[PDB]
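Only one chain is included here, represented as structure tokens and corresponding to the form deposited in one PDB entry.
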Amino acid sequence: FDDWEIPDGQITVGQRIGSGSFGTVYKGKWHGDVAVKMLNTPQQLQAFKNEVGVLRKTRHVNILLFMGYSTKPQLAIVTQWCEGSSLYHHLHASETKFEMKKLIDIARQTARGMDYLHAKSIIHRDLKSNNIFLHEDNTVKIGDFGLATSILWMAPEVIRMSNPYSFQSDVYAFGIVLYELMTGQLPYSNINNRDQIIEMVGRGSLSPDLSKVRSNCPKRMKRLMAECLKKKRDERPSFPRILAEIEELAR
């Protein structure tokens, strides 16, 4: 027995949404709206529990709340549902037009969530607009930090190799998310060959064109952005600075 496990048939799985890290996300109903990631054999089950233990403990207003799991009919992680869907969806699919204030607020909240994770020494490894979610009440919720133990966001040192992930590569990824916020575009949209992008970013010769950012993008945000995207990782700011900087420029 286990408190945190949801019994078979207690969850109604609804519309398939897409595939995030390690699995497939569905809309679902567990005493309310929820999101369900179907994950992709004992021993493995115990390792899964050890992860559930860790997940149960990382709680912040700006990251998804872990609500429970299933084992049958399949491995599943259940979190709260975000009606606003993802940032990626709003920018590059439905092309929603956010006010600069909403964009800077989204950037602030994502930075708070990242600040929380990093202060807990957790490395995300996959920050991108696809798993930055918008909740009905207008707060940002980050996902895909779980199961700790897409190339467009990999810092140059991450691209060319080998568990290369670090705090500073997270900061880079966030830098790309600022690019998306401030340009409404994915970086490198004019290059079609993902293999040429990998190589060129990996060598440090390719990087986002910060001149494509909207006119009303404040000067400090552009400054911050360029810092986070700095090729030499130890030259990138930490998230307490990043959060501090965005808090202030919003004022």
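The term rigid core refers to the maximal set of C-alpha atoms that superpose within 1.5 Å between the two forms. Note that residue numbering begins at 1 and tracks the sequence as displayed.
Beyond the structure shown, there is the form deposited in another entry, which is absent from this document and is the topic of what follows.
Of the residues listed here (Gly28, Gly184, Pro187, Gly202), only one shifts its CA by 2 angstroms or more between this form and the one not shown after fitting on the rigid core, and it is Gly28.
The Cα shift for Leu91 between this form and the one not shown, taken after rigid core superposition, is smaller than 2 angstroms.
Put the two forms on the same core and the Cα of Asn62 is off by less than 2 Å between this form and the one not shown. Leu75 shows a C-alpha shift of 2 Å or greater between this form and the one not shown [criterion: core-superposed Cα displacement of 2 Å].
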